[PDB]
Amino acid sequence: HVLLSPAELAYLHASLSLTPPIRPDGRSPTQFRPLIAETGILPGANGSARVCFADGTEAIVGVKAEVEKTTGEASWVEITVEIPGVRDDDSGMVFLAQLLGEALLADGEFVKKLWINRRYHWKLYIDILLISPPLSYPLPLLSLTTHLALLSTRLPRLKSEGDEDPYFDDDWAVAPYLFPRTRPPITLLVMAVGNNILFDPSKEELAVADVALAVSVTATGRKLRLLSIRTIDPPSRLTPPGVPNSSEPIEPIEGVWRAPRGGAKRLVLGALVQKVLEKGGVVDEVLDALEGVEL
Amino acid sequence: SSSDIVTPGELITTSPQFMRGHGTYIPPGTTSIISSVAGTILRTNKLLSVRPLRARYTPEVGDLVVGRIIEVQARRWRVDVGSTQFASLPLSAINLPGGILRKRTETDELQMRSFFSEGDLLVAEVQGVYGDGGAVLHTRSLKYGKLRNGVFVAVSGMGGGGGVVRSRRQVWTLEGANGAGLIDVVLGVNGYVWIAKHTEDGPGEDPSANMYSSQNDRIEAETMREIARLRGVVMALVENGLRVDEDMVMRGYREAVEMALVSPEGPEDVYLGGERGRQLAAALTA
Amino acid sequence: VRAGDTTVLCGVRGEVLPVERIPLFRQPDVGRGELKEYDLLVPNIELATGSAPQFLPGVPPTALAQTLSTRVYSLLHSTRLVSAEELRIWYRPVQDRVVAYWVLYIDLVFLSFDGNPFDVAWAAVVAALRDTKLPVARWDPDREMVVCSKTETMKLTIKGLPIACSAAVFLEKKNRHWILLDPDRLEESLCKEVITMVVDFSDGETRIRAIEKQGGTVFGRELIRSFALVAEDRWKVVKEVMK
Amino acid sequence: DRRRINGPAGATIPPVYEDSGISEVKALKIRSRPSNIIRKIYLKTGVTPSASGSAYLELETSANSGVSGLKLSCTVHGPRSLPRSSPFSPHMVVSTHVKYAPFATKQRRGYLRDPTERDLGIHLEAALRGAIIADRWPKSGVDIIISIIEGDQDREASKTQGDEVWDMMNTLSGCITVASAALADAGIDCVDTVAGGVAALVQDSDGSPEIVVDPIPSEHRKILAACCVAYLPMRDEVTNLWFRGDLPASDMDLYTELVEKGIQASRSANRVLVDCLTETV
Amino acid sequence: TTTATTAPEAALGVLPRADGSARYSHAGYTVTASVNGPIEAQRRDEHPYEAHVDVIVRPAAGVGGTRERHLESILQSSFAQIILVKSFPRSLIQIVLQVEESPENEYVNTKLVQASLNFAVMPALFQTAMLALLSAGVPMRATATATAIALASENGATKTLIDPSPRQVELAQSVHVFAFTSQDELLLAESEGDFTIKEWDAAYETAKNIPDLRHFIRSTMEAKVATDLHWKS
Amino acid sequence: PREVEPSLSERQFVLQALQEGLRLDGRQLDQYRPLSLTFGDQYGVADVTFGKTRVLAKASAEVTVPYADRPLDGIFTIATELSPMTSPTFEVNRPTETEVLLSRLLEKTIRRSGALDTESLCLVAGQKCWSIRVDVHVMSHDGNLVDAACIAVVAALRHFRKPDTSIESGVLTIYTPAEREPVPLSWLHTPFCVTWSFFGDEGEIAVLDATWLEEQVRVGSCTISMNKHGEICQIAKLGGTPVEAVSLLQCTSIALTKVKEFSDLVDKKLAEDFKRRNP
Amino acid sequence: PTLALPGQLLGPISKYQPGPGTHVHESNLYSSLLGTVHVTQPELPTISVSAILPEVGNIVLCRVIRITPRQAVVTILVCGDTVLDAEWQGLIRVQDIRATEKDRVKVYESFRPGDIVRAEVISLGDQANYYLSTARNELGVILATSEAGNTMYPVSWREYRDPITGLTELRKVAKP
Amino acid sequence: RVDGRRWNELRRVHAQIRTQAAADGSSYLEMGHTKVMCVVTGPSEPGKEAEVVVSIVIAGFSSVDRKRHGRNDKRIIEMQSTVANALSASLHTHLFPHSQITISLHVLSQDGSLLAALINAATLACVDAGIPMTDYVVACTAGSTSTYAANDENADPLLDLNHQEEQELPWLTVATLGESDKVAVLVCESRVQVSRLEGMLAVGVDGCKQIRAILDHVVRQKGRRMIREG
């Protein structure tokens, strides 16, 4: 997806390989980039949110809740991911669409919320638009927008009982929140180079990742609950090889890039998820920043 | 004559005294010149042209640009320079280590990927521009060639509008701070910027078969910190619309270095985003 | 069904089609017949990607899958292999009605393709249909839907045993021609002319249910008459496999 | 479609059972297999000689002889020239195509290809690409095609069994194992054999939950979480980790154990994989 | 035009833009065929030795399903045996056949997606394609003519129906399609239904020794050439 | 493959001739090619020829279960897949910009014109509805397919006859032609397409029926669909060089005249065919 | 005769030198293939595994599929007497056909589609093609079939002759 | 009279430019409750003239009913063709023969006049992107208050119709390069009498003039603030 030169990649890998990871941004490994977001961006949508990164990418999510004829729980919710310029069937788009759905349907509590009555259920439509061209891996931003959107989602209050077809007050200000203030799941693209664990990686950083995980978490530091982990195929594997100065290389030559040839060391996987779930960690930082957005 | 912004379809002048220029067009049935873009009317030697508010890089002969190669074609590379179309780099326009000496030139045409491959970065000079606007690059000067030992960042006036501009020189070497040592900077007029440790084969100047090998020389941590610091500085300028130029970068770098020294996090911290980034700009615009 | 390297897996999955969902449906007297009017048989051939080099994902698609599907479909109907009488689902209260039809989705997948696909494919279809054991289904007037027993199954009354035999002509072009039975993938690439012969011998007299010669002129009336004997021999040997 | 013999115009209904007796349904399946023992893997190599390398994998549904469940056919296609629309790639391009057999499709007539088929491709692609040496064969591509002949549970029935995700993890574990067998058969430079292990945290009673290797959701009253792992025992590396389930961060130990047993399942599966490959040559 | 007329009726150059074309109608079936002379083959089918022959069949109504895909293969294989494909190694030859009319089966409601082989239409398609190839001037080893025989059985006797209507085909005990080259060799022999080899051979005779399509092809082609070579004098 | 282009000599000359008010075909700028409309022996077959442009179109009705866009509604569809017979440039199963617009303009014309009584089509609600499919076959493409196709489509649909049906004791009986005489498809008003083309660099030259060669030279076009009574069923000047609104109003004003004679022809031609069926 | 599995440890890099079918990892040498181990034992002993790609300098046999006045495009079938399970396109540029008078030689006079050429790989090429040179006595056409379709024989280095039709044809004969 | 609006009266048209920093050109456009956001790639290499590629994304939430839109894939492909041809009628594509211009349009909300909004949003982005244009390709809708069946001579054409009006009344979309009468796009899918057409076109053209004043004003307000600072 992303394109970089081997010599450019070799510098990035070496810099992040140092004991204190010297990220190209100068950012701390625990530190996210600045976040700009909006809620209720689209009127007439039960929940909507916009998010734009310092990277320039932006995404908009809108939530439509429609009463449908069915404590009861079924995967009524459907997620759509509109990426500009894709064939509507690409690997990345469908993988993301399933991944975000996996997070919400992971506990199944979320399905329960959308249960108007035993006879009728709220079929929830989540439409995710990547406003910007896919300059970098959208997953982090899309997840944060979905988190913000669901938080902003309000559900029509039910004047009618359940056995009769449901009837709802019409005031959006009367309608109570979905996920009223468990939280909607956040998901962090976590990356590893050597023993260093990196969060919110830039496309340049992610291009040299030895390991990349999409970790979905929620809260009820905060009382975190792990929901899913998926291994993002390190884009580093698809990069060109480095050419040493004047066949199988016997030695890891300094400054010569070489795609990570194996899998993730077993311990690193524990380290990547351990650091995600540590109390007061990145998840708390993300939720603190996210929950500070007006709703 | 930039009193106010002229807009597309807006009549600039009707008199025939003027030749048209970029950003303007003449309806075939009249002498009138009409602006094609939203921009400022520029008048020189009775030629009228409109500089657009924002437009992609348009190359001029002699421009020193940084671009990454996107394609390999018959005796040619297509180089992305942020222009309207990929710049061309003829195989004859690069400094082969011994293209004449090897007598391998017939072999060379087939093995172009030994010199540059898709994604490889280079610093080159525009030796010509076609009528369609595509530039033709040349890399025969020893300071031109594949870029190594550095980091790449793209500037396109994101948010701040202002970006890279033509200057006295587009390449310089800074001593660096915290014993980083000589580190080069390349301000590609096309908006691409390259920051790397200085080397004798590098583009910079201290204040051949391996030339195309993608092996970085060893780089120490402090060197990478400063290289990262400069990259943060450049983004700080762009994110606040400041002129990105060697003079304004050195000012920012020194300000950033001293900012880190007085910062409680110590000279080691290199972060410059957000409010701290604006703080640098405020101290830099003064 | 394995025939050398060629390997076909046929799966017959029956699904119930309510008559209220069938355009052109009429209560039978007990048209093209129910099988064709209602499309009760739905054979589809999957030349599974990578089953042979010619079916690699990057190689342009070819019509072979479609042609075999219709070849099977027409032969499946013309042979009258399955009778609509078996696929009817009756109410028969205690005013009889047909409430739905069993729809046989006869899916084939070429796990390995080493030439001569139709012979293997047809054999799999016949073998699978003979094996088919649909669940006994009945109309539930209280639930107003067709329901099926969890244990009782009714087997299809497959009539006859049409066995497909195929061969290809290899030409030295005295224009010597060699008739190659069961052409291997490689042999098909070299033999432009192919013949397919579907015969049924359950009557003890060969009955040709279908012939498909094409791609050349070597196979005159004499060879085709001779080939009918070859197909009968092929029927005899295959009969001993599809017990 | 133009390319397939369309069934009847009406939407056909899958068989719905009479369900005459609730009593007949009686007891719920209980995992007799020890918590640390995988299903019996049947693995064969060279099943499609036309391909450069191939393998076939089959599992007993509930460790019962003759009761076959998952069935996977894999045909690696050997490094082959890349299409000319994208004629160059510095690294060998591993391309994974996974398709449910029409017999195994969720819908006998389907408007849309299962998202599940695309998803399994990405997981398997990530798992195998880590285990395959791309540097060896530049300018070339290798295509791993998985045909899911049969799922451990019927697709339309799986909808009733809590969640298909658990089945997908079982399917992915098989895909990793069989694909590795095919890759070894095809002689594709691989860093190590990769086998697909899967483990689950389950709670079949009011007592504390157990960690169970190679689960099947029907055998358990509640799967709290599960993990699928493409693991390289000779490297002690994981090329594709997949986990799902609500686990409190306080239960980080359980997750760690869950992954470890999932890796243990991968080792167990790899044992069969090496045995099959050893006897193949 | 209609089924009752014994005489085949044909035209050539029906479609002007096409390299060659022909509109042929017989026994109630009308098909209009356009042939494009060797042209740029899409790299997919650029055989190194011989021209690729690409037969395309379009039904009168509905989209071309699997049925047509078979007809295209049947005609593609046979015509590749007729055309001198070796003469245009890398070229392509388009043969688009458009079924303009077939006898409407009054006893069945319209079904467009039917996927069964339609032997009924094979002769009309083959003849029209043959005429179009002759019109296009594509080099060929020999001409070829196709005939359809339906072996209906009535009472205790078997009845040969020549060029039957599709209604006759579905009522027929068996149906046969023979395509004999000008050398009297057999080119296609597609058949279906229950029949003994004796019955097939009997039909082979009926289709081969009989409207004299060989003469019809020659006569119509003579008229066309005589018309446009009238200048020669 | 990509469409073949005329040589710049042809491009310049055609533009030059139009500026002289002359066309290579000898027709005036506001003149159509000789229009021939032929009806096939089977009901619903119509064969329109605009000089060298021939468009065969066959209507068909099959009772089908209603789902999706018309879940209980009864649905009329148009299929106009172009084929190499149209031109080698076209490829099977490969829609093109020409085909997509052609289909789009036809379906909008027939549907938005309200010509068909869709409520009449549904034999049963949500179970069985008549589906009226009309297949358009472009036998020869010499420009103005959108116009030739429209006449063929409406001619076919007006010529087409449904199988008769009857509801008895709630039982829907659909009668084959042998059982009952097919009933003509009810048809309120007949829309007709007219496709102007514009050539001047300012779009000041308007041509009524473009040859294929002209269509390669034109800088814009504007399809107009109208009833005999002047009701415009659609207008589609989908971009191209702009044209003064007065010109378009002139184009529509002329188009109504051409539509009237098209309507008279189809009515006359249907009457002539009717006598062949019933002398 | 020792069978090795993918990822099986072969030994430390200090004892062996990685050969085909092996890969290094943390200063240790492992087998990347399922196959038998072999040690060259020539410096350190090279170790390899045997269960293929064209390479510069290799002699390949290929089939001509299309010819252009500039280059003839061939399909590579055999590399070093080893048939290739998958095929690669190669280009024989007109310069690369003959050792001398490279300006005078024409592709039409050297090879034509369908014949089999034995060529030497000159370079891994840009895009999808290799670059092969037949400019050597041992290189050129091996199997040729006349326009008439008969299998020809090399009458002289310049031309093949037909045994049935008798006609000669100009082609780049391989001398042996 | 129309609810809360005059017959010859646009709805509140509010637009923004340089809405997204990443895009070479970006625009946001609101026409009443119809919201369209557009991001235009600057001409860049992806032959006689630059290709203009338009991708329209209609969000499910933007539609009042998910079922109503029903994917509408044919509709979207037609709209992309309309807009692409519309913009190319003005963009000086001949200046970038070997490049492509990509316009991405996101329909965040629909309240009728969608095609007009899409064209307007595209031009704003194209002007933002600095693409040389002959003139604003402004678009607007207009539809007779009387139905074609009603045939009321007294009735006069409306402007900037709401979605409800588009269901009830004959309506048209006219896009005119510049303030000029000449029309780049004239899409009138609804049935209308020819007598009514002249009035609707005349009103529609005037609407385009009003929209252009808004659009040009929006461009200058951004332009002035830029020259004021760089």
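Residues numbered from 1 in each chain as written, not as in the entry; some residues may be left out. Chains lettered and ligands numbered in written order. Part of a larger assembly, values for the part shown. Heavy atoms only, no water.

Time to look at the overall build of chain H. Counting its regular elements, chain H contains 5 helices and 9 strands. Seen in sequence order, chain H has helices and strands lined up from the N terminus as β-β-β-β-α-α-β-α-β-α-β-β-β-α. The globule rule puts the C-alpha radius of gyration for 230 residues at 17 Å, and the 17 Å found for chain H is close to it. Projected onto its principal axes, the C-alpha coordinates of chain H cover approximately 55 × 40 × 35 Å. Looking at chain H residue by residue over its 230 residues, the buried ones come to 67%. (Helix = DSSP H or I, 4+ residues; strand = E, 2+ residues; numbered from the N terminus. Rg over C-alpha atoms; globule rule 2.2 N^0.38 Å. Buried < 20%, exposed > 50% of the residue type's maximum accessible area, 1.4 Å probe, protein only.)

Along chain D, the regular secondary structure elements total 5 helices and 9 strands. Listing the helices and strands of chain D from first to last along the sequence gives α-β-β-β-β-α-β-α-α-β-β-β-β-α. The C-alpha atoms of chain D give 20 Å as radius of gyration, which agrees with the globular expectation for 281 residues (19 Å, within 12%). Counting only residues that meet the buried cut, chain D has 62% of its 281 residues in that class. Excluding contacts between residues fewer than 6 apart, the proportion of contacts in chain D whose partners are at least 24 apart in sequence is 69%. For chain D, the exposed surface amounts to about 10300 Å²; the carbon and sulfur share of it is 51%. Here chain D holds 31 positive side-chain charges and 36 negative ones, and the gap between their average locations is 7 Å. (Contact = heavy atoms within 4.5 Å. Areas by Shrake-Rupley, 256 points an atom, 1.4 Å probe, with all protein chains shown as cover. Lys, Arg positive; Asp, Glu negative; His and termini not counted. Charge placed at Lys NZ, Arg CZ, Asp CG, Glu CD.)

We now examine the interface of chain D and chain F. Size of an interface: often given as the accessible area lost when the parts come together. Contacts between the two partners involve 4 residues from chain D, matched on the other side by 4 residues from chain F. Taken together, the two surfaces of chain D and chain F that pack against each other cover about 310 Å², and 51% of this comes from carbon and sulfur. Seen at the junction of chain D and chain F, the total is 1 salt bridge. Of the charged contacts, one joins D:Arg2 and F:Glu81 as a salt bridge, the two residues approaching to 3.3 Å between their closest N and O atoms. Our count for the chain D to chain F interface comes out at 2 residue pairs in polar contact. When the residues that make up the side of chain D that touches chain F are grouped by side-chain class, the tally is 2 nonpolar, 1 polar and 1 charged. (Buried area = accessible area lost by both parts, 1.4 Å probe. Salt bridge = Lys/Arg side-chain N within 4 Å of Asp/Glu carboxyl O. Polar contact = N/O pair within 3.5 Å; in protein donor to acceptor, adjacent residues only side chain to side chain. Nonpolar A, V, L, I, M, F, W, Y, C, P; charged D, E, K, R; others polar.)

Residue and element names in this part refer to chain B. For helix α3 (residues 221-239), which comprises 19 residues, the first-to-last C-alpha distance of 26 Å matches the rise-based estimate of 27 Å (1.5 Å per residue) to within 8%. Counting buried residues along α3, 15 of its 19 residues qualify, which places the element largely inside the surrounding structure. Just downstream of α3, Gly241 is the residue with a positive phi angle, here 75°. (Expected span 1.5 Å × (residues − 1).)

With that settled, the discussion passes to a negative patch on the surface. Residue and element names in this part refer to chain B. Taken together, the side chains of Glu200, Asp201, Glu205 and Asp206 define an acidic patch exposed on the protein surface. Looking at the secondary structure, you find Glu205 in the loop between β16 (192-197) and α3. For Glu205, a relative accessible area of 58% gives the class exposed. (Patch = residues over 30% accessible without salt bridge, like charges linked within 9 Å, V, L, I, M, F, W, Y side chains within 5 Å.)

We now examine the pattern of salt bridges. Counted by the stated rule, this structure contains 133 salt bridges over all chains. Between F:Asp25 and F:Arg27 there is a salt bridge; the shortest N-O distance is 3.0 Å. Each of E:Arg17, F:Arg23, F:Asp25, F:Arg27, F:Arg33, F:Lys52, F:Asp142, F:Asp209 and F:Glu214 takes part in a single network of salt bridges with overlapping partners.

Here the focus is the nonpolar core. Counting 241 residues, the largest nonpolar core has A:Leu124, D:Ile144, D:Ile146, D:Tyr255 and G:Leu132 as the members making the most contacts within it. Tallying contributions element by element places helix α4 (residues 164-186) of chain D first for this core, with 14 residues. Excluding residues that lie within four positions of it along the chain, D:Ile144 makes contacts with D:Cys74, D:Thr75, D:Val76, D:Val94, D:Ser95, D:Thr96, D:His97, D:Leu128, D:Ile132, D:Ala179 and D:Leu183. Among the nonpolar cores identified, the runner-up in size contains 142 residues, and F:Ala152, F:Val243, H:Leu118 and H:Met200 belong to it. (Core = buried A, V, L, I, M, F, W, Y, C linked by side-chain atoms within 4.5 Å.)

Another point: the packing of helix α2 (residues 64-78) of chain C against helix α1 (residues 66-82) of chain E. In contact at an axis separation of 8 Å, α2(C) and α1(E) are set at 110° when each is read in the N-to-C sense. Overall, the two elements α2(C) and α1(E) adopt an arrangement that is roughly perpendicular. When α2(C) is examined against α1(E), the residues C:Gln66, C:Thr67, C:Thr70 and C:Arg71 are found in contact with a partner set consisting of E:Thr66, E:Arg67, E:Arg69, E:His70 and E:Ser73. Of the residues in the contact of α2(C) with α1(E), the class split is no nonpolar, 6 polar and 3 charged. (Axes fitted to C-alpha atoms, helices over the stretch in contact; angles between N-to-C directions. Parallel < 35°, antiparallel > 145°, perpendicular 65-115°, else oblique.)

Residues and elements named next belong to chain G. One open sheet accounts for 3 strands, arranged β2-β5-β4; its pairing is antiparallel. Each having just a single partner strand, β2 (9-12) and β4 (22-25) make up the two edges of the open sheet. In this sheet, adjacent strand axes meet at a mean angle of 30° when their direction is disregarded. Alignment of β4 against strand β5 (residues 28-31), held across 4 bridges, turns out to be antiparallel. If you follow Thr22 over to β5, its bridge partner there is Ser31. (Pairing = 2+ DSSP bridges.)

Moving on, we come to the state of the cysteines. Going through the model one piece at a time under the given rule, you end up with 0 disulfides over all chains. Between C:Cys191, a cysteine without a disulfide, and C:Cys165, which holds the nearest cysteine sulfur, the sulfur-to-sulfur distance is 14 Å. Here D:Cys74 stays free of any disulfide, with the sulfur of D:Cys175 as its closest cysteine sulfur at 8.6 Å. Overall, the relative accessible area of 0% leaves D:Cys74 in the buried class. (Disulfide = S-S within 2.5 Å.)

Before going further, it helps to examine the side chain of D:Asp167. Residues and elements named next belong to chain D. Checked against the element boundaries, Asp167 lands in helix α4. An unpaired buried charge is present at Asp167: no salt bridge exists, and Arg155, the closest side chain of opposite charge, is 6.9 Å distant. Those residues in contact with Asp167 that lie beyond four places of it in its chain are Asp152, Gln153, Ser158 and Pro217.

Right, let's get into the packing of aromatic side chains. Counting across every chain of the model gives 29 aromatic pairs over all chains. Taken together, a centroid distance of 5.4 Å and an interplanar angle of 25° make the contact between A:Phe110 and A:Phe179 stacked. Here A:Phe110, found in helix α3 (residues 109-113), pairs with A:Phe179, found in the loop between α4 (139-152) and β6 (186-193); they are 69 residues apart in sequence, far enough to count as distant. Across this residue pair, the class does not change: A:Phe110 and A:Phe179 are buried. Ring centres of G:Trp88 and G:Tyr130 lie 6.3 Å apart, and the angle between their planes is 80°; this geometry places the pair in the edge-to-face category. In this pair, G:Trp88 is assigned in strand β10 (residues 82-93) and G:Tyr130 in strand β12 (residues 130-133), connecting sequence segments 42 residues apart. When the ring centre of B:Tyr144 is taken as reference, the NZ or CZ atom of B:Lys143 above it lies at 5.2 Å. In this structure, C:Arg92 packs its charged tip against the face of C:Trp90, placed 4.0 Å from the ring centre. (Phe/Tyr/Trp six-rings, centres within 6.5 Å; stacked < 30°, edge-to-face > 60°. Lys NZ or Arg CZ within 6 Å of the ring centre and 35° of its normal.)

Below, the discussion takes up the side chain of C:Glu212. Along the chain, C:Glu212 turns up in strand β11 (residues 207-214). Once you skip the residues sitting within four places of it in the chain, C:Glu212 turns out to touch C:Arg71, C:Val194, C:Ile195, C:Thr196, E:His70, E:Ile74, E:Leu117 and E:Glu190.

What follows deals with the arrangement of the chains. Separated without contact, chain A and chain C have their nearest C-alpha atoms at a distance of 16 Å. Structurally, chain F and chain G remain out of contact, their C-alpha atoms never closer than 20 Å.

Below, the discussion takes up α4(A). Its 14 residues place the ends of α4(A) 20 Å apart at the C-alpha level, agreeing with the 20 Å of an ideal helix rising 1.5 Å per residue. Within α4(A), 14 of the 14 residues are buried, which leaves the element mostly enclosed by the surrounding structure.

Strand pairing in a sheet relies on backbone hydrogen bonds, with the paired strands running either antiparallel or parallel. All names here are of chain G. Pairing is mixed in the open sheet, where 4 strands are placed in the order β1-β6-β7-β3. The sheet is open, and its two edges are formed by β1 (3-4) and β3 (17-18), each paired on a single side. Here 2 bridges tie β1 to strand β6 (residues 35-39), and the two strands are oriented antiparallel to one another. Following the sheet pairing, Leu3 is matched in β6 by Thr36.

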